[PDB]
Amino acid sequence: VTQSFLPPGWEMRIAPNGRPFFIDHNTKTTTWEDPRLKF
């Protein structure tokens with residue numbers, strides 16, 4: 001039941017076209033690439 005965390009200031013949403021996307025509030029930017037693939 002352990003959750004997988006994004007780094008601080010990041011959140012995931014689902015776009016209307018069905019793709020997940022990621023908001024980086026630290027830089028006020030968005031990306032299709034999940035940071036967790038990049039740890």
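Reckoned from all heavy atoms, side chains included, excluding hydrogens, waters and symmetry mates. Each residue takes its place number in the sequence, starting with 1.
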(message) Measuring only between side-chain heavy atoms, which start at C-beta, is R36 closer than 4.5 Å to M12?
(response)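 They are in contact (side-chain heavy atoms under 4.5 Å apart), so the answer is yes.
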(message) Taking the side chain as everything from C-beta on, heavy atoms only, tell me whether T31 gets closer than 4.5 Å to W10.
(response)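 Side chain of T31 against side chain of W10, heavy atoms only: contact under 4.5 Å found.
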(message) Ignoring hydrogens, what is the shortest heavy-atom contact between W32 and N17? Give both atom names and the distance.
(response)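 Heavy atoms of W32 and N17 come nearest at CH2-ND2, 4.1 Å.
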(request) Might you confirm whether atom CD of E11 has over 12 heavy atoms from other residues, nucleotides or ligands at distances under 6.0 Å? (result)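 Result for CD/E11: enclosed.
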(request) Ignoring hydrogens and angles, tell me if any N or O in the side chain of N26 forms a donor-acceptor pair with the backbone of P8 under 3.5 Å. (result)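 Yes, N26 side chain to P8 backbone: donor-acceptor pair under 3.5 Å.
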(request) Show your reasoning for whether side chain to side chain contact (heavy atoms under 4.5 Å, CB included) applies to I23 and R13. (result) CA-CA 8 Å; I23 300 165; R13 304 272 172 150; 3.9 Å; yes
(message) Is there a path of hydrophobic side-chain contacts, each under 4.5 Å between heavy atoms, that joins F39 and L6?
(response)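 Not linked; separate clusters.
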